[PDB]
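Enquirer: Got a structure for you, model.pdb, holding PDB, N, CA and C atoms.
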```pdb
MODEL        1
ATOM      1  N   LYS A   1      13.218  36.508 160.800
ATOM      2  CA  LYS A   1      14.282  35.513 160.738
ATOM      3  C   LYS A   1      15.568  36.052 161.355
ATOM      4  N   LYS A   2      16.402  35.147 161.857
ATOM      5  CA  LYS A   2      17.667  35.531 162.474
ATOM      6  C   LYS A   2      18.816  35.407 161.478
ATOM      7  N   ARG A   3      19.955  36.002 161.819
ATOM      8  CA  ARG A   3      21.129  35.956 160.955
ATOM      9  C   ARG A   3      22.354  35.479 161.728
ATOM     10  N   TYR A   4      22.697  36.204 162.788
ATOM     11  CA  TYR A   4      23.851  35.857 163.610
ATOM     12  C   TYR A   4      23.576  34.601 164.431
ATOM     13  N   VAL A   5      22.300  34.347 164.705
ATOM     14  CA  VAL A   5      21.903  33.177 165.479
ATOM     15  C   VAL A   5      21.526  32.016 164.567
ATOM     16  N   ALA A   6      20.871  32.333 163.454
ATOM     17  CA  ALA A   6      20.455  31.316 162.496
ATOM     18  C   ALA A   6      21.642  30.809 161.685
ATOM     19  N   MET A   7      22.795  31.444 161.871
ATOM     20  CA  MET A   7      24.005  31.057 161.155
ATOM     21  C   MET A   7      24.924  30.230 162.049
ATOM     22  N   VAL A   8      24.797  30.421 163.359
ATOM     23  CA  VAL A   8      25.616  29.692 164.319
ATOM     24  C   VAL A   8      24.790  28.650 165.066
ATOM     25  N   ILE A   9      23.480  28.671 164.844
ATOM     26  CA  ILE A   9      22.580  27.726 165.493
ATOM     27  C   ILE A   9      23.062  26.291 165.309
ATOM     28  N   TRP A  10      23.742  26.041 164.195
ATOM     29  CA  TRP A  10      24.259  24.710 163.899
ATOM     30  C   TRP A  10      25.175  24.221 165.016
ATOM     31  N   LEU A  11      26.095  25.081 165.439
ATOM     32  CA  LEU A  11      27.033  24.736 166.502
ATOM     33  C   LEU A  11      26.345  24.759 167.864
ATOM     34  N   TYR A  12      25.345  25.622 168.000
ATOM     35  CA  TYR A  12      24.605  25.744 169.250
ATOM     36  C   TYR A  12      23.617  24.593 169.413
ATOM     37  N   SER A  13      23.392  23.858 168.329
ATOM     38  CA  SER A  13      22.467  22.730 168.349
ATOM     39  C   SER A  13      23.156  21.455 167.873
ATOM     40  N   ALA A  14      24.475  21.409 168.025
ATOM     41  CA  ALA A  14      25.252  20.247 167.612
ATOM     42  C   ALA A  14      25.969  19.616 168.801
ATOM     43  N   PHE A  15      26.338  20.445 169.772
ATOM     44  CA  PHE A  15      27.034  19.969 170.961
ATOM     45  C   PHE A  15      26.045  19.418 171.985
ATOM     46  N   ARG A  16      24.764  19.445 171.634
ATOM     47  CA  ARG A  16      23.718  18.951 172.523
ATOM     48  C   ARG A  16      23.065  17.697 171.948
ATOM     49  N   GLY A  17      22.771  17.729 170.653
ATOM     50  CA  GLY A  17      22.147  16.591 170.004
ATOM     51  C   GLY A  17      23.162  15.617 169.440
ATOM     52  N   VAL A  18      24.410  15.744 169.879
ATOM     53  CA  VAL A  18      25.478  14.868 169.411
ATOM     54  C   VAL A  18      26.476  14.577 170.526
ATOM     55  N   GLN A  19      26.110  14.939 171.751
ATOM     56  CA  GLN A  19      26.975  14.717 172.904
ATOM     57  C   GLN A  19      26.186  14.131 174.071
ATOM     58  N   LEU A  20      25.408  14.978 174.737
ATOM     59  CA  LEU A  20      24.603  14.545 175.873
ATOM     60  C   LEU A  20      23.376  13.767 175.407
ATOM     61  N   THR A  21      23.050  13.901 174.124
ATOM     62  CA  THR A  21      21.902  13.211 173.552
ATOM     63  C   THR A  21      22.342  12.071 172.641
ATOM     64  N   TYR A  22      23.559  12.173 172.121
ATOM     65  CA  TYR A  22      24.099  11.150 171.232
ATOM     66  C   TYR A  22      24.101   9.784 171.911
ATOM     67  N   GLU A  23      24.502   9.760 173.178
ATOM     68  CA  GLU A  23      24.549   8.519 173.940
ATOM     69  C   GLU A  23      23.218   7.777 173.856
ATOM     70  N   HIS A  24      22.142   8.462 174.229
ATOM     71  CA  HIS A  24      20.809   7.870 174.196
ATOM     72  C   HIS A  24      20.715   6.691 175.161
ATOM     73  N   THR A  25      21.357   6.827 176.317
ATOM     74  CA  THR A  25      21.346   5.774 177.325
ATOM     75  C   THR A  25      22.090   6.209 178.583
ATOM     76  N   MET A  26      23.397   6.406 178.454
ATOM     77  CA  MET A  26      24.222   6.826 179.580
ATOM     78  C   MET A  26      24.102   8.330 179.812
ATOM     79  N   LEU A  27      24.623   9.112 178.874
ATOM     80  CA  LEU A  27      24.575  10.566 178.976
ATOM     81  C   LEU A  27      23.145  11.075 178.827
ATOM     82  N   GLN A  28      22.304  10.278 178.174
ATOM     83  CA  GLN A  28      20.909  10.649 177.965
ATOM     84  C   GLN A  28      20.248  11.044 179.281
ATOM     85  N   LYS A  29      20.026  10.059 180.145
ATOM     86  CA  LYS A  29      19.400  10.302 181.439
ATOM     87  C   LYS A  29      20.450  10.609 182.501
ATOM     88  N   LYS A  30      21.633  10.023 182.345
ATOM     89  CA  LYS A  30      22.724  10.236 183.288
ATOM     90  C   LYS A  30      22.352   9.720 184.675
TER
ENDMDL
END
```
Translate the structure of the given file into structure tokens.

Expert:
Amino acid sequence: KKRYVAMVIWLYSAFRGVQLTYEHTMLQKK
């Protein structure tokens, strides 16, 4: 298991599934 990565993974997996993926239409495929 990770610690420094498993603790920040939230931010590393939030700016992607809530920005470029949040759109789900425009930013989705672009």

Enquirer: Any idea what the distance is between atom CA of residue 7 of chain A and atom CA of residue 21 of chain A?

Expert: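 For atom CA of residue 7 of chain A relative to atom CA of residue 21 of chain A, the distance reads 21.8 Å.
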
Enquirer: Please indicate the distance in Å from atom CA of residue 14 of chain A to atom CA of residue 30 of chain A, rounded to one decimal place.

Expert: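 Atom-to-atom, atom CA of residue 14 of chain A and atom CA of residue 30 of chain A are spaced 18.8 Å apart.
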
Enquirer: Using all atoms listed in the file, which residues sit within 7 Å of residue 20 of chain A once same-chain residues fewer than 6 positions away are excluded, as a compact mmCIF listing (two decimals) with N, CA and C atoms, in the coordinates of the input?

Expert:
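Written out: selection32.txt:
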```txt
# COMPACT_ATOMS: atom_id res chain seq x y z
N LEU A 27 24.62 9.11 178.87
CA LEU A 27 24.58 10.57 178.98
C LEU A 27 23.14 11.08 178.83
N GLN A 28 22.30 10.28 178.17
CA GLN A 28 20.91 10.65 177.96
C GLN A 28 20.25 11.04 179.28
N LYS A 29 20.03 10.06 180.14
CA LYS A 29 19.40 10.30 181.44
C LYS A 29 20.45 10.61 182.50
```

Enquirer: Give the alpha helix (DSSP H) residues of chain A, as DSSP finds them on the backbone, and put them as a PyMOL selection string.

Expert: chain A and resi 9-12+26-29

Enquirer: The selected residues should be written to file as a compact mmCIF listing (two decimals), in the frame of the given file (atoms: N, CA and C atoms).

Expert:
```txt
# COMPACT_ATOMS: atom_id res chain seq x y z
N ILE A 9 23.48 28.67 164.84
CA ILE A 9 22.58 27.73 165.49
C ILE A 9 23.06 26.29 165.31
N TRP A 10 23.74 26.04 164.20
CA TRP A 10 24.26 24.71 163.90
C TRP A 10 25.18 24.22 165.02
N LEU A 11 26.10 25.08 165.44
CA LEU A 11 27.03 24.74 166.50
C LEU A 11 26.34 24.76 167.86
N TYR A 12 25.34 25.62 168.00
CA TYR A 12 24.60 25.74 169.25
C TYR A 12 23.62 24.59 169.41
N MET A 26 23.40 6.41 178.45
CA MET A 26 24.22 6.83 179.58
C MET A 26 24.10 8.33 179.81
N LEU A 27 24.62 9.11 178.87
CA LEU A 27 24.58 10.57 178.98
C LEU A 27 23.14 11.08 178.83
N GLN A 28 22.30 10.28 178.17
CA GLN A 28 20.91 10.65 177.96
C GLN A 28 20.25 11.04 179.28
N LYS A 29 20.03 10.06 180.14
CA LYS A 29 19.40 10.30 181.44
C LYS A 29 20.45 10.61 182.50
```

Enquirer: Please compute the atom CA of residue 10 of chain A-atom CA of residue 26 of chain A distance, one decimal, in Å.

Expert: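 Distance between the two atoms: 23.8 Å.
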
Enquirer: How would segment 4-26 of chain A look with N, CA, C and O atoms restored, written as a compact mmCIF listing (two decimals), in the coordinates of the input?

Expert:
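Written output follows (result.txt):
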```
# COMPACT_ATOMS: atom_id res chain seq x y z
N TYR A 4 22.70 36.20 162.79
CA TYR A 4 23.85 35.86 163.61
C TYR A 4 23.58 34.60 164.43
O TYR A 4 24.50 33.88 164.81
N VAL A 5 22.30 34.35 164.70
CA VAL A 5 21.90 33.18 165.48
C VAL A 5 21.53 32.02 164.57
O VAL A 5 21.82 30.86 164.86
N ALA A 6 20.87 32.33 163.45
CA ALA A 6 20.45 31.32 162.50
C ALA A 6 21.64 30.81 161.68
O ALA A 6 21.52 29.86 160.91
N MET A 7 22.80 31.44 161.87
CA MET A 7 24.00 31.06 161.16
C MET A 7 24.92 30.23 162.05
O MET A 7 25.73 29.44 161.56
N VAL A 8 24.80 30.42 163.36
CA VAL A 8 25.62 29.69 164.32
C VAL A 8 24.79 28.65 165.07
O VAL A 8 25.33 27.84 165.83
N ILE A 9 23.48 28.67 164.84
CA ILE A 9 22.58 27.73 165.49
C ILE A 9 23.06 26.29 165.31
O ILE A 9 22.82 25.43 166.16
N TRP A 10 23.74 26.04 164.20
CA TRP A 10 24.26 24.71 163.90
C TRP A 10 25.18 24.22 165.02
O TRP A 10 25.05 23.09 165.48
N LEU A 11 26.10 25.08 165.44
CA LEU A 11 27.03 24.74 166.50
C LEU A 11 26.34 24.76 167.86
O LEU A 11 26.71 24.01 168.77
N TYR A 12 25.34 25.62 168.00
CA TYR A 12 24.60 25.74 169.25
C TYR A 12 23.62 24.59 169.41
O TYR A 12 23.07 24.38 170.50
N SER A 13 23.39 23.86 168.33
CA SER A 13 22.47 22.73 168.35
C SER A 13 23.16 21.46 167.87
O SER A 13 22.51 20.53 167.38
N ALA A 14 24.48 21.41 168.02
CA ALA A 14 25.25 20.25 167.61
C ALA A 14 25.97 19.62 168.80
O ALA A 14 26.19 18.40 168.84
N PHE A 15 26.34 20.44 169.77
CA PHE A 15 27.03 19.97 170.96
C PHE A 15 26.04 19.42 171.98
O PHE A 15 26.44 18.98 173.07
N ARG A 16 24.76 19.44 171.63
CA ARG A 16 23.72 18.95 172.52
C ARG A 16 23.06 17.70 171.95
O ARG A 16 22.83 16.72 172.66
N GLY A 17 22.77 17.73 170.65
CA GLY A 17 22.15 16.59 170.00
C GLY A 17 23.16 15.62 169.44
O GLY A 17 22.82 14.76 168.62
N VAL A 18 24.41 15.74 169.88
CA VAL A 18 25.48 14.87 169.41
C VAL A 18 26.48 14.58 170.53
O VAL A 18 27.55 14.03 170.28
N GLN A 19 26.11 14.94 171.75
CA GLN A 19 26.98 14.72 172.90
C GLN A 19 26.19 14.13 174.07
O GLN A 19 26.28 12.94 174.36
N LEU A 20 25.41 14.98 174.74
CA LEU A 20 24.60 14.54 175.87
C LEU A 20 23.38 13.77 175.41
O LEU A 20 22.74 13.06 176.19
N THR A 21 23.05 13.90 174.12
CA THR A 21 21.90 13.21 173.55
C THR A 21 22.34 12.07 172.64
O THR A 21 21.59 11.12 172.42
N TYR A 22 23.56 12.17 172.12
CA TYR A 22 24.10 11.15 171.23
C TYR A 22 24.10 9.78 171.91
O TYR A 22 23.75 8.78 171.30
N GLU A 23 24.50 9.76 173.18
CA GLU A 23 24.55 8.52 173.94
C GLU A 23 23.22 7.78 173.86
O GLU A 23 23.17 6.61 173.46
N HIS A 24 22.14 8.46 174.23
CA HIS A 24 20.81 7.87 174.20
C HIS A 24 20.72 6.69 175.16
O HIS A 24 20.07 5.68 174.86
N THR A 25 21.36 6.83 176.32
CA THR A 25 21.35 5.77 177.32
C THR A 25 22.09 6.21 178.58
O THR A 25 21.49 6.36 179.65
N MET A 26 23.40 6.41 178.45
CA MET A 26 24.22 6.83 179.58
C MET A 26 24.10 8.33 179.81
O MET A 26 23.55 8.77 180.82
```
